[PDB]
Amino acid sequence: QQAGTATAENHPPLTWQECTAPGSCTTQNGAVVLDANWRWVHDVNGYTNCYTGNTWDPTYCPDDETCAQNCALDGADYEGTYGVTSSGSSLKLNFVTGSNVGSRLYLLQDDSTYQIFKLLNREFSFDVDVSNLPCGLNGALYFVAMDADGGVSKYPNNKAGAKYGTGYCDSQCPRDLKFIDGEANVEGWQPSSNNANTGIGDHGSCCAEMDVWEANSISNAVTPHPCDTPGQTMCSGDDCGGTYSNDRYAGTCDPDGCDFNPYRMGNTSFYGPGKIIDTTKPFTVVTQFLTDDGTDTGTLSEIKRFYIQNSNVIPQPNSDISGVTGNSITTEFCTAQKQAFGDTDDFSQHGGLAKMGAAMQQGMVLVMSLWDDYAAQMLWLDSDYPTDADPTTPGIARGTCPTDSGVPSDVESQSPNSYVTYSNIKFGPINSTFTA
């Protein structure tokens, strides 16, 4: 894709902190950029549509390569069009703004380069307000093994780059992306039946994904997802697997992950409105990526979680599922959880924590997003899922929401002023971001 010129692009600023020891942090002057898929795709010369609703123009985009040459990703009016604002260390993502639904943003090191985090033997903390996230919405904060430059050095027909939010990948090998690896996704494009703005193409973009935070006011989950190749790679067709393919398990990434949602793990009183972590008020989320030998070059061995609210430091609750022990993600926990829930162990098939850790070693990009779910209504996060199962069977119940909740047309109509706000990001050695 070309770099658009119809609407100017300016990246909202966002500060964050690097800590060297508890109480000893310094400020980084970051910025964020909107993902390419949200942008108008304009023909470079006449400023007309290359993509309208969910179909491509056949003159500008007769094939994938020609389309990338003829078409540009426009700049973004962050607040007015996308409902994205920032102030200091805080980033607020609104749900519905006009016809736009949510957003996906990446943290930048500079105007052409995503910030790379090396998570092994490190800790990441942030504050969040999920109080205005009802059933069916997901405010996600997570890491993916994207290329720092958004693909530009590998793919000459990507002239837009990280400056315009190119290069996304995740463990679903997403096929909804309009541009992957310097090519449009027009050959094989199939418009969505249920989303006026989207479709699925032949190309998908795979990479490992560390889902630090997927949450609303009802439930949250923390979930690593390994891939056979840790970093960004193209897939084609149904061999992509993931949520956009016929068989989610047909590809090279684990679409399910090894998840810890305290409600799903048998403690319904821990997280939610008025609960031990009270989602009606902001709180801090700390996540630690421990290695087997406690050094930077060890193998990822354990992912730990603490919350802080009203200055009280509260560890993740223990699993209360028979057969599944502890409050952290480890190989033993993941093996046991899949067995207890009767879920396929795709996590192990794609290399588990060893492959997750290999991705971490390559470096990962911070993503902040707000979305609703045109495949499964977020029921996997906050309801009983699958919806035909007995909700008393271990693994089925994930939150309080009814199984008819989360339909996009319902939540977009009923909760347009919902939002998520992320703030006070801190990153450093273990124990450096909070009072351990």
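When you see a residue number, it is the position in the sequence shown, counting from 1.
Averaged over CA atoms, B-factors in the entry run higher in 188-196 than in the other of 205-213 and 188-196. Taking only CA atoms, the mean B-factor in the PDB entry is higher for 295-303 than for the other of 295-303 and 270-278.
Taking the deposited Cα B-factors for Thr52, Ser383, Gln377, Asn37, the highest one is held by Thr52. Highest CA B-factor among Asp127, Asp170, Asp247, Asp256, as stated in the entry: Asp247. When the modelled residues of the chain are ordered by their C-alpha B factor, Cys67 lands in the middle third. Ranked within its chain, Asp43 lands in the highest third, by CA B factor from the PDB record. When the modelled residues of the chain are ordered by their C-alpha B factor, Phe341 lands in the highest third. The entry lists a Cα temperature factor for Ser87 that places it in the highest third of the chain's modelled residues.
Among the modelled residues of its chain, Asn327 has a C-alpha B-factor that falls in the middle third, as given in the PDB entry.
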